[PDB]
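In full-length UniProt numbering, the protein residues as written are 171 to 337. Quick reminder that beta carbons are idealized off the backbone N, C-alpha and C, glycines included. Let me begin by presenting the structure, written as structure tokens, before commenting on it.
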DNA sequence: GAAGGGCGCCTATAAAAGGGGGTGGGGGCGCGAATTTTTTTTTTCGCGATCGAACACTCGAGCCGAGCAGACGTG
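Put into structure tokens, the structure is as follows:
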């Protein structure tokens, strides 16, 4: 997220902008999307904006600055204030099938495998407090992170266990 | 045209931000919400209660008759 520091007129924005859309009857924020690092932003009337989609923190800082740029170019007193990363998402694969019934058995306290509902196992780490999604093919997705190290650490913890249930 | 293959959305997690929306916590006014029910019968009482209509005798105040006082007319 980032705060622009001033109030704006989203309808004018919607009118001016070329890569945006606005619908008060649907949602309050105006939606913008740029090809740079290919991203999307949520701009509030309050002066707050949210930026998602970047594949690195520098490019997200880059994209947000680019958004602040087009807002300036509209004639508005944009300010790059209070920039902060709120979440990071990662994934990887291990290339082998795995034992999930066992994993949920041996980690009952954390796991919440629901094969009926969502196909993969939901694992809630409490180290760098991270949420993982593990699938039978071996693919793994991670979220809840604030820095890359938490992903490597959370994965560094889970990888031996997973190899240990290899089929 | 029915049976089937293909395409694409669905649910899940996260996370924040703005505002509209749902439950309950608490409060309070209403007047219907009427549930109107035929009951369920159990009288067999059975007296002794209470209770208001029904009615008769006595007293008090006013009027009329007799007694008495005042006024009018004749001897």
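Given residue 222, which residues of its chain have a CB within under 6 Å of its CB, disregarding the five upstream and five downstream residues? 210
Who does residue 304 pair with in a DSSP beta bridge? 291 and 310
Should the region 286 to 293 be regarded as contacting the region 229 to 245, the criterion being three or more beta carbon pairs within less than 8 Å? no
Which first and last residues belong to the beta strand (DSSP E) in which residue 203 is found? 200 to 204
Mind checking whether residue 246 and residue 178 have CB atoms under 8 Å apart? yes
By alpha-carbon positions, which one of 336, 317, 302 and 307 ends up nearest to residue 327? 302
If you check the beta carbons only, do residue 171 and residue 219 fall under 8 Å apart? yes
Hey, how far is the Cα of residue 256 from the Cα of residue 227? 10 Å
Can you check whether the CB of residue 207 is closer than 8 Å to the CB of residue 187? no
How is the alpha helix (DSSP H) around residue 260 delimited, first residue to last? First-last for residue 260: 258 to 262, but that is the beta strand (DSSP E), not the alpha helix (DSSP H).
Cβ-Cβ separation, residue 300 to residue 291 (assumed contact under 8 Å), whole Å: With a Cβ gap of about 14 Å, residue 291 and residue 300 do not count as contacting.
What is the residue span of the alpha helix (DSSP H) that residue 276 lies within? 270 to 276
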